[PDB]
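As structure tokens, one chain now follows by itself in the form deposited in one PDB entry.
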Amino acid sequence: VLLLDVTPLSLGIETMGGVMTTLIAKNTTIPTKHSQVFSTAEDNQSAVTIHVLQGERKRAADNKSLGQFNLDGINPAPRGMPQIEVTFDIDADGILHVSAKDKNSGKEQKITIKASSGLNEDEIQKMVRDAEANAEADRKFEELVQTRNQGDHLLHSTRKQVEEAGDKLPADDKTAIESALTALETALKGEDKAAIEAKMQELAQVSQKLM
């Protein structure tokens, strides 16, 4: 064939830390359907937001918003336990259906996005150019967020350790840990990836007893 319908830009959702995660790649032929399982970012999270985005940038905020919906009633459980299956389906007339379903509870929610939604031809071409012009920065951003997300998990894992051990932990070891937690928490708010890893390392080096 010499012609066909494609979706012109990547389609996906916002994930923890303000990143766009792609479910359907740019220039995929339509109709098409793809699903991927996601989980909760923190312990005891009972509601998630599915924010639908179009574009090629790694910062969710730099892409085009197509709509959003919440899924709630998820049983509060450890981070990573819920299995939320997100499905993007674009039909032959370009209509996008997005659904999310929590596998444990069976709770599901969905939105329908009309074909005319999203960026026009001029904006598409500018999106592709701007993604390319910023590819190194967007990559650094994605690397930064994965480190912040590891760091924030380390902060929460470790805080639950301090409690769990409680009295068993020597006053000296608790104080050094608290103060390494504070430094990491500060580093996490910055945008220097090595600085965060260095503070995670400093924390590991006063946590041997807690470990």
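Each residue number is its position in the shown sequence, starting from 1. Take the two forms, find the largest set of C-alpha atoms that superpose within 1.5 Å, and that set is the rigid core.
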Between 197-205 and 20-28 (mean CA B-factor, as deposited), the higher:
197-205
From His51, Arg59, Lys174, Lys64, the top C-alpha temperature factor is at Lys174
By the entry's C-alpha temperature factors, tell me which of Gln68, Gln45, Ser39, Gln161 sits highest.
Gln161
Third of chain Cα B-factors occupied by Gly73
highest
For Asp192, the third of its chain into which the C-alpha B factor falls
highest
Would the CA B-factor of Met211 place it in the lowest, middle or highest third of its chain?
highest
Among the chain's modelled residues, which third holds the C-alpha B-factor of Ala92?
highest
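Another form, the form deposited in another entry, is not on view; read the next lines as being about it.
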Out of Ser179, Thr49, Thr29, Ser46, I need the residue that shifts by 2 angstroms or more at the Cα between this form and the one not shown, core superposed.
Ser179
Using the core for the fit, does the CA position of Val6 change by 2 Å or more between this form and the one not shown?
no
Using the core for the fit, does the CA position of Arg59 change by 2 Å or more between this form and the one not shown?
no
Classify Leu144 as shifted (yes) or not shifted (no) between this form and the one not shown, where shifted means its C-alpha moves by 2 Å or more with the rigid core superposed.
no
